[PDB]
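Asks: One structure is given below, represented as structure tokens, and several questions about it will come after.
2 protein chains.
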Amino acid sequence: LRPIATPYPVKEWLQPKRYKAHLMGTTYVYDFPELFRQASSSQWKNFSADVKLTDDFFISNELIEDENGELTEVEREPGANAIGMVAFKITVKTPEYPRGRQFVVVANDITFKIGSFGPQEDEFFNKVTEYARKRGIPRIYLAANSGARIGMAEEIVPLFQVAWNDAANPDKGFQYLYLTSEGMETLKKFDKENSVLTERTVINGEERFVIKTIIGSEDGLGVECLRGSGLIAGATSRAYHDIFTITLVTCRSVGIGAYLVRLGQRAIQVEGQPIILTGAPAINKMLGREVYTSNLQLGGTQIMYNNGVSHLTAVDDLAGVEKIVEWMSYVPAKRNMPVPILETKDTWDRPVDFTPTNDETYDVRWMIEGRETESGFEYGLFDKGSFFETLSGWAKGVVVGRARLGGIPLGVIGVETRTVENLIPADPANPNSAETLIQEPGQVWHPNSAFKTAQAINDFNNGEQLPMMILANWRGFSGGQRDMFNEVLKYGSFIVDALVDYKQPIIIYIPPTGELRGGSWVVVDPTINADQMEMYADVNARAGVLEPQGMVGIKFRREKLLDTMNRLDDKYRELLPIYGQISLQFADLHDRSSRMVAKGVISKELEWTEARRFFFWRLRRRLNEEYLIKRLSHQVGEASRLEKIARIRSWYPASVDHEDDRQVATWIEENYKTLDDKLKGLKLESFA
Amino acid sequence: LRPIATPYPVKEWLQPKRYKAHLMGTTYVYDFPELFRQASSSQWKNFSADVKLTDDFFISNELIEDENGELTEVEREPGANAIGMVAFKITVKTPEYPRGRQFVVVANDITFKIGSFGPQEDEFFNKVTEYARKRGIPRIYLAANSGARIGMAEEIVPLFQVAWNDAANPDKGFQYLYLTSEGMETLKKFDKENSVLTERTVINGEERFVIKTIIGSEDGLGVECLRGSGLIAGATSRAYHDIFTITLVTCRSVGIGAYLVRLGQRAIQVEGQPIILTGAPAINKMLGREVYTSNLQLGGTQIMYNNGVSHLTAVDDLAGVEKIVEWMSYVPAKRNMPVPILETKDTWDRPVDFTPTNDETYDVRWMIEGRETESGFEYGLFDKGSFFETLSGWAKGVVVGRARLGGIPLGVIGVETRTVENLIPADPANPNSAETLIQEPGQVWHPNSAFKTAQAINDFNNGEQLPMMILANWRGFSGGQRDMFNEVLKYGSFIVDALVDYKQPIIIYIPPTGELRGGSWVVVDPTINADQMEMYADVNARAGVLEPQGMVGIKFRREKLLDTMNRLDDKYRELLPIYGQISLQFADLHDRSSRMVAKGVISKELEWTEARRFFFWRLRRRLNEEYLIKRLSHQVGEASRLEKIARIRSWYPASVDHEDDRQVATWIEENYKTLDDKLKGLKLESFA
Ligand SMILES: C=Cc1cc(C)cc(CC)c1C1C(=O)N2CCOCCN2C1=O
Ligand SMILES: C=Cc1cc(C)cc(CC)c1C1C(=O)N2CCOCCN2C1=O
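Going down the list, the protein sequences come from chains A and B.
Heads up: the first sequence is residues 1480 to 2051, 2080 to 2195, going by UniProt numbering.
Heads up: the second sequence is residues 1480 to 2051, 2080 to 2195, going by UniProt numbering.
See below:
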């Protein structure tokens, strides 16, 4: 029966599957809407202690397929799913969407045939993805599965006979497998003749139906699960370019399960749940030897989070879900909505407190989110508490996150100035093969950090649809043998390709003690995408083709020194010490932000402590002008960006200074509806 | 003077730069059109010994910028270039384009400031790329360069004075650098006050103009070369999605030079010419120790061709150019032209000769291009001699190439069944760190072979604009620790993403002894892109979720055997040997192409020896129906692929069997112009 004397009903007995799920260290699929409700709740509590919710703040509906295969909402009993894939549509009012926002969750039912993917789960999962794409609404996937479903035609097992080379002597081989008349019948009576393909023969006496192929009556044995999982691999791929996708790995993801996790890109892994391609036993079986002890060895976090396959880890499901929800709070409600402004106690109008010093090491995170100290909080460039770092465990050379600038959400990339000690494990399959330690210097791009940067940019672009700031501060790419061989050129280029695709505003900003130097500058220069990119250098930054040291090695050598000695010494070789020094200073006079301005390679030179005030409005002004540029784009007789921009600006009042971000932003917001009348007025002129 | 008594004029003296070029082991830039003429010539000789060319068969024009910055054609004297970038527009009649085809070549002039990129070279290179894009015409780049141009404000060197902490004692430091009245003048007279930024002071006596930034009068010192090379990085990126790009590395490519090589993707490297990010001396200088001896260590072929950064190597320039020309012969004349049919003595109507056997090892290349033998040539699937393998030196697990099916050019990917022994060099920078050898089993995807496959697919798609065949034959992905850690999931997914983008017809075809198995099938299944993809399995192929061995381990264990013993033995544990065998055979009866048909996961099951005849027409029929589907696409009231396809087919005569490739192809080609009248007829109906 039950556990006997509990105060409320025992749920794991009302529905024994809930227990099955738990036995396998995961939340029962029908309990996940409850986890999301719990997390939305916490989101509110953290934003405003005092606000009063009701249960109408959060709604979950199961989605199922109707009589014509369309999805609808139903309210039914947890456990009634006939297939092993389940979905909910969720409408939730959040701090960022007080009147409510929507998304779908799809989820493997780990208790239904080991949460394996058969054809029916695959067609369902695909319908759910399309339902989300069509509405523009984000698609959360909760992966707990065993990969594709394996089978065999059980109905043939008790039937088939064998053609012995000679009987009384199995021993020596067989010719082929077959059925008898009475085999054939047993199939016809069970309505199942389609289960084999055969050929009549008679052999000395009887008649024999040679099996030539076994098809099986039960759907979901072999290749139909393959077509199955192809469909949804492709379906996820497309998703990722279309709507916010994200995946929580909740008890294990195997096979197509693993690839689904990656194709939707954004993934959070729960400690102790593996993302694998095949299991340890099956690999050991192939290799013939017990090399791997657990799946955790192959697809646990020490692998997938160190990869960048896993963007975050989580301590359990609920923590998983809190992350999804928080990641999701930077993201527009549907495809092509404005990004969700959300202002907190940290208004835009303040100095930036925390400032790097030249001789002093620091964590760039301090510059981004500020820093607790002995004598109080020192604010950084973005809103206190608003920094959601992702890919934290891979390629620690860059740091990438989401954050808010006075409410405005954006992707952020900073450069980590401390040396990373990246440690690569021995691979147990290799007889002997030791742990290997990689020193990764700071403000140098390596293959992995270049990859991560590119990756980050695409993930801001793709469903997140965010603007972006890059706090650029690289001295260059590593171009020594190991890193060339590992294709630093390949991953460097990804960065350019991603910049080219980017569809929202981008600020590049060389910070106070920062630099950009040859290659690193190039990969990030505005001309790569003049439609979206703008560059700023702090007054205490440096940029140019070489370091002053490198510069001197080539354009201020012995002869050039001595000759300067020749004119700065009334006396005139024991001055090298200081003349070398002079030359270094002479180079460095070339690398100033003043010169960047002079050559018009940057938009402004900034002062760090004034940066937040500047970027808040610059960004705000830009989102407003973008929105207008779009409105215009949807006319008929289309035109260059330059032309559209030009004629939007011809709408501003004559006194408005186009260069003044606050003024322009404020006037646009005072006039959206007037601006809108103006478009309406064009549309009529724009038949011809 | 000269070398004295030569029969014709000494060219390296008429133009001394030609000699400079040669001294550095490369062709003088103005001699490259001649190399292309020599190669086009050879192309003709190989196609038809007897055909009679004249000099009007090949035309090269220099392109330069006119008075308003537009490019035009000129005929002038080699050496007259004022900037260090040079370009030609080339019109050439080829076997594939008898009436002629066009492309541009841009090229560093290695003799002009070490072929470095300044702002003027960068704006020129960009204009040339746009000129090519606008016309749809391929862009060849000939890289021999020193990267970005470094400089300093030479005019300030003789002038600046120093503020000593105390003079007669340089020793102990300096405050700042400055100029005098007479400094200032020297600048004003040379018209150059903009060269520094200064501030008046008077110090005990005189007056001092403190240098605060050095700008310099000469353009092309620092950051303006950075904006420069950003522009063209982006410009190449876009190129690659737009027109056929390719790059020959001809004496060395450095810096932005290296990245340009990669961004345009298709690269051929001449043995002994490095593709580097920084030089050895400069790296050794950073690291403080002579670790690297040559640039060849960092960017020679043993690195870049083993990378896949270099698609081919070449023995010298001319061989470089022959490759470009041959690669280029598979490619449409401009963006969106039909791919260039070209039939040879190897007509479509023949059996395929060479056939793999189960116990016998072979080189898949034999299946593709056929095989010379003791007793004569045995033809493979494609036209004899027509296979142009690329990426030959990287990730030998797959083989990728271009080839012709009865004249029709296509991308081909096959799987290499032999074990690759991939050997990774010691990295000299690491104190001690030995050469490491990697065993890569056949018909298994690894990170690199997955990458290469994805890479290949994109390069067929992107300017080549080719259809594609994949001879699919993978047992699966490697999912053991090393390959998980190295992100096999990441590169696997690239493959799906590329399939999704593909815009021409795709045949997937499991060959005679071949298989696809779980994951490998999925990554390649038609539902990923039903618009372009079709799958075929040979009658002797196998596919399904597991190997029969793996299948048995899970669905036919001890209990299930014994019980079969129980009914197949009048007698009934010494039969394991053979019953295990029976079960394996029982599984395998599930994995037949007959079952694939039954479940409609493939379009047809094929016989290898009939495959060429089948695919020739299937492909031909498809190109014709594609062309029509496009024509339709350019209407107004647009519609699903399904709908367009449906109504094109409603145009075929009633007797035409839609299923008959030859019939349909032949009727379309007999009626292009009638079909065209039909479209004209729609266009009028399609205002409303
Ligand atoms: C990492 C090298 C690199 C990469 C990119 C993308 C762009 C550029 C041009 C500034 C470089 C360059 C770079 O760092 N250098 C180092 C200085 O030598 C002069 C040549 N040089 C480059 O051209
Ligand atoms: C490499 C594993 C993989 C990868 C992809 C893309 C698709 C699929 C589903 C067939 C697989 C799968 C795969 O090979 N298997 C192995 C058999 O176990 C059952 C689970 N399984 C998969 O789901």
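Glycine residues also receive a C-beta, built at the ideal position from the N, C-alpha and C atoms.
Please tell me whether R2128/B and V2031/B are closer than 8 angstroms, where the distance is taken between their beta carbons.
Replies: The residue labelled residue 2128/B in the question sits at position 621 within the second sequence. The residue labelled residue 2031/B in the question sits at position 552 within the second sequence. Not closer than 8 angstroms, so no.
Asks: I want to see whether chain B comes within less than 8 angstroms of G1597/A, judged by CB atoms only; does it?
Replies: For the purposes of this step, residue 1597/A is taken as the residue at position 118 of the first sequence. Cβ-Cβ to chain B under 8 angstroms: no for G1597/A.
Asks: Just to confirm my understanding: we take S2090/A, look at its own chain, exclude 5 residues before and 5 after, and list those with CB closer than 7 angstroms. What are they?
Replies: Start at 1 with the first residue of the first sequence, and residue 2090/A comes out as number 583. Cβ neighbours of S2090/A beyond the five flanking positions: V2031, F2035, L2040.
Asks: Would the beta-carbon of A1627/B fall within 8 angstroms of that of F1511/B?
Replies: Residue mapping note: residue 1627/B aligns to position 148 of the second sequence, counting from 1. Residue mapping note: residue 1511/B aligns to position 32 of the second sequence, counting from 1. Contact: no.
Asks: Using a Cβ-Cβ distance cut-off of 8 angstroms, determine whether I1693/B contacts chain A.
Replies: Along the second sequence, one-based indexing puts residue 1693/B at 214. Cβ-Cβ to chain A under 8 angstroms: yes for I1693/B.
Asks: Using the beta-carbon of each residue, which ones in chain B are nearer than 8 angstroms to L2047/A?
Replies: If you number the first sequence from 1, residue 2047/A lands on position 568. What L2047/A touches in chain B: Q1640, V1641.
Asks: Residues in the same chain with beta-carbon distance under 8 angstroms from residue 2059/A, minus the five sequence neighbours each way, listed in chain order, please.
Replies: The structure shown gives no position for residue 2059/A: in chain A, residue numbering passes from 2051 to 2080 with nothing in between.
Asks: Give me the subset of the region 2129 to 2143 of chain A whose CB atoms are less than 9 angstroms from a CB atom of chain B, sorted by chain position.
Replies: Hits within the stretch: zero.
Asks: So who's on the other strand from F1567/B, going by DSSP bridges?
Replies: In the second sequence, counting from the first residue as 1, residue 1567/B sits at position 88. According to DSSP, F1567/B bridges with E1541/B, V1584/B.
Asks: By alpha-carbon positions, which one of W1924/B, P1946/B, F1856/B ends up nearest to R1883/B?
Replies: Within the second sequence, numbered from 1, the residue matching residue 1883/B stands at position 404. Out of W1924/B, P1946/B, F1856/B, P1946/B has the C-alpha closest to the C-alpha of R1883/B.
Asks: For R2099/A, count neighbouring Cβ atoms within 10 angstroms of its own Cβ and tell me buried if that reaches 16, exposed if not.
Replies: Your numbering for residue 2099/A matches position 592 in the first sequence. It is buried - the Cβ of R2099/A has at least 16 other Cβ atoms within 10 Å.
Asks: Any heavy atom of ligand 1 within a distance shorter than 7 angstroms of the CB on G1997/A?
Replies: Numbered from 1 along the first sequence, position 518 holds the residue referred to as residue 1997/A. For ligand 1, at least one heavy atom lies less than 7 angstroms from the Cβ of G1997/A.
Asks: Could one say the Cβ of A1951/B lies closer than 8 angstroms to chain A's Cβ atoms, at least one of them?
Replies: Counted from its first residue, the second sequence places residue 1951/B at position 472. So no, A1951/B is outside the interface.
Asks: Can you list, in chain order, the residues of the region 2159 to 2172 of chain A whose Cβ is nearer than 9 angstroms to any Cβ on chain B?
Replies: Within the region 2159 to 2172 of chain A, no residue has a Cβ that lies closer than 9 angstroms to any Cβ of chain B.
Asks: Compute the distance between the beta-carbons of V1878/B and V1923/B, then report whether it is under 8 angstroms.
Replies: Looking up residue 1878/B in the second sequence gives position 399. Looking up residue 1923/B in the second sequence gives position 444. Cβ distance not < 8 angstroms, so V1878/B and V1923/B don't count as in contact.
Asks: Show which residues of chain A have a CB atom less than 8 angstroms away from the CB atom of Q1960/B.
Replies: On the second sequence, position 481 is the one that residue 1960/B refers to. Those are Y1771, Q1776, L1777, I1782, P1904, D1906, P1907, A1908, listed as they occur along chain A.
Asks: Residues of the region 1668 to 1691 of chain B with a CB closer than 9 angstroms to any CB of chain A: list them in chain order, please.
Replies: Answer in chain order: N1673, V1675, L1676, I1690, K1691.
Asks: If the cut is a Cβ gap below 7 angstroms, which residues of chain A does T1665/B touch?
Replies: On the second sequence, position 186 is the one that residue 1665/B refers to. The premise fails here: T1665/B is roughly 13 angstroms from chain A at the closest Cβ pair, so nothing lies under 7 angstroms.
Asks: For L2189/A, I'd like the list of residues in its chain whose CB is within less than 7 angstroms of its CB, leaving aside the five on either flank, ordered along the chain.
Replies: Locating residue 2189/A in the first sequence gives position 682, where the first residue counts as 1. Correct list, in chain order: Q2142.
Asks: Tell me, please, whether the CB atom of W1924/A is closer than 8 angstroms to any CB atom in chain B?
Replies: Within the first sequence, residue 1924/A is the residue found at index 445, counting from 1. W1924/A does not count as touching chain B.
Asks: Are there any heavy atoms of ligand 2 lying less than 7 angstroms away from the beta-carbon of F1856/B, as far as the coordinates show?
Replies: Numbered from its first residue, the second sequence carries residue 1856/B at position 377. Flag unset: Cβ of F1856/B not near ligand 2.
Asks: Answer yes or no: do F1596/B and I1735/B have a C-beta to C-beta separation smaller than 8 angstroms?
Replies: Taking the first residue of the second sequence as 1, we reach residue 1596/B at position 117. Taking the first residue of the second sequence as 1, we reach residue 1735/B at position 256. Cβ distance < 8 angstroms, so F1596/B and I1735/B count as in contact.
Asks: For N1786/B, decide whether its Cβ has a neighbour in chain A, counting only Cβ atoms nearer than 8 angstroms.
Replies: For this step, residue 1786/B is matched to residue 307 along the second sequence. By this cut-off, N1786/B is an interface position.
Asks: Which residue's Cα is closest to the Cα of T1659/B: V1689/B, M1631/B, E2112/B, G1695/B?
Replies: Here residue 1659/B refers to the residue found at position 180 of the second sequence. The candidate whose alpha carbon is nearest that of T1659/B is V1689/B.
Asks: Does any heavy atom of ligand 2 sit closer than 7 angstroms to the C-beta of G1959/B?
Replies: As a first step, residue 1959/B must be located in the second sequence, where it is residue number 480. For ligand 2, not one heavy atom lies less than 7 angstroms from the Cβ of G1959/B.
Asks: Taking the C-alpha atoms as reference points, what is the distance between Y2051/B and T2043/B?
Replies: As a first step, residue 2051/B must be located in the second sequence, where it is residue number 572. As a first step, residue 2043/B must be located in the second sequence, where it is residue number 564. The straight-line gap from Cα to Cα measures roughly 10 angstroms.
Asks: Name the DSSP bridge partner or partners of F1653/A?
Replies: Numbered from 1 along the first sequence, position 174 holds the residue referred to as residue 1653/A. Answer is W1643/A, bridged to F1653/A.
Asks: Would a check of beta-carbon distances place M1948/A closer than 8 angstroms to chain B?
Replies: Here residue 1948/A is taken as the residue at index 469 of the first sequence, counted from 1. No - not a single Cβ of chain B is within 8 angstroms of the one on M1948/A.
Asks: Kindly list the residues whose CB is nearer than 7 angstroms to the CB of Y1655/B, restricted to its own chain and excluding five residues on each side of it in sequence; keep chain order.
Replies: As a position in the second sequence, residue 1655/B is number 176, starting the count at 1. Here the set comprises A1642, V1689.
Asks: Quick one: is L2126/B near chain A, going by C-beta distance under 8 angstroms?
Replies: Reading the second sequence from its first residue, position 619 is the one you call residue 2126/B. So, not an interface residue.
Asks: For ligand 2, I want to know if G1707/B counts as a neighbour, meaning its beta carbon is within less than 7 angstroms of at least one of the ligand's heavy atoms.
Replies: Walking along the second sequence from the start, residue 1707/B turns up at place 228. No, ligand 2 has no heavy atom inside 7 angstroms of this Cβ.
Asks: Quick check: is the beta carbon of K2034/B nearer than 8 angstroms to any beta carbon in chain A?
Replies: Here residue 2034/B refers to the residue found at position 555 of the second sequence. Yes, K2034/B counts as interfacial toward chain A.
Asks: Which chain A residues are close to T2006/B, counting only those with a beta carbon under 7 angstroms from its beta carbon?
Replies: For the purposes of this step, residue 2006/B is taken as residue 527 along the second sequence, with counting starting at 1. The contacting residues are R1706, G1709, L1710, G1713.
Asks: At a threshold of 7 angstroms, does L1756/A count as lining ligand 2 (C-beta to nearest heavy atom)?
Replies: On the first sequence, position 277 is the one that residue 1756/A refers to. Yes, ligand 2 has a heavy atom inside 7 angstroms of this Cβ.
Asks: Which residue wins for smallest C-alpha separation from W1523/B, given the options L1550/B, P1577/B, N1540/B, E1513/B?
Replies: The residue labelled residue 1523/B in the question sits at position 44 within the second sequence. Ranking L1550/B, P1577/B, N1540/B, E1513/B by Cα distance to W1523/B puts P1577/B first.
Asks: How about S1625/B: is its Cβ closer than 7 angstroms to a heavy atom in ligand 1?
Replies: Within the second sequence, residue 1625/B is the residue found at index 146, counting from 1. Checking the Cβ of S1625/B against ligand 1 gives yes.
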